């Protein structure tokens, strides 16, 4: 069946301890060491606060989890511990719990984030090259360490724009990649779901995060967020098919021997491919170079095996000034 084209044996070669997250025994820290200062975020699975570490008076972020199954939380914890220290991965600093209720908190490094809806309009052409390159560092790293993030989107990319610092967060949906394993397709967030999730191809791989990144990147260069704006999962595939065209979708489905639900097939219809330049207009013109569009094109492919890997993406000429700058 389908397999990743890179990093496919990472968890085969590492000790079982690295990936066997249910075997983790969590070493709980002192709940009292971290005080909540104010709320900064939330989602279906947590409430997030800026905090202080009372030992050293340093800022931190406190993610207070909503009731969660042991298996699920050990997965997030072990993935964070495995990736701690890697480029642009949020650092997990401690893990603590309330004694009475046993409510767990993950403690992270602090970032002064500006939400994307307010930050991304202010980014220059070069700023988008720079921040996407920094995000790619994180994704090549996690994929190289045998992990798929499975929820890449702007809400999970913290940026302190004054310091030009980026951290990829919220590993709640991340998993370890094992060849031929069939994963749950109910991952990512709708506007960023790959076609493989939307047609029920379960033997997907790191390439799923490259689709999500392409969706984010198309929203930034075209100033059209979200770029594929579906209402439900079926409509999400329709929004894609109206852009990339149904010919390529049919080639993909035939390659992997997938049949669409008859309902879905009828909704998707038949559509011509819409060239990327048709998305160009006066709000976005300052961002839409031929290098940007080439790079985007090589991420947004139906066939997950055709997409650029994160390592290839980093070497695309679109980023050549960011690389030159970073050589020093």
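The term rigid core refers to the most C-alpha atoms you can superpose between the two forms while keeping them within 1.5 Å. Numbering follows the first chain given and starts at 1.
Comparing 237-245 with 95-103 in 9 other deposited structures of this protein, after superposition on the rigid core, the stretch with the greater RMS C-alpha deviation is 95-103.
After superposition on the rigid core, the larger root-mean-square Cα deviation in 9 other deposited structures of this protein belongs to 109-117, not to the other of 109-117 and 137-145.
The deposited model assigns a higher average Cα B-factor to 280-288 than to the other stretch when 294-302 and 280-288 are compared. Look at the C-alpha B-factors of 131-139 and of 242-250. On average they run higher in 242-250. For the set 211, 110, 228, 256, the PDB entry puts the maximum C-alpha B factor at 256.
Residues shown: 149, 223, 181, 193. Highest C-alpha temperature factor in the entry: 181. Annotation for residue 8: CA B-factor lies in the lowest third of the chain's modelled residues.
Ranked by Cα temperature factor within the chain, residue 153 sits in the lowest third according to the deposited record. Per the PDB record, residue ranking by Cα B-factor puts residue 234 in the middle third of the chain. Residue 121: CA B factor in the middle third of modelled residues in this chain (values from the PDB entry).
For residue 207, the recorded CA temperature factor ranks within the lowest third of the chain's modelled residues.
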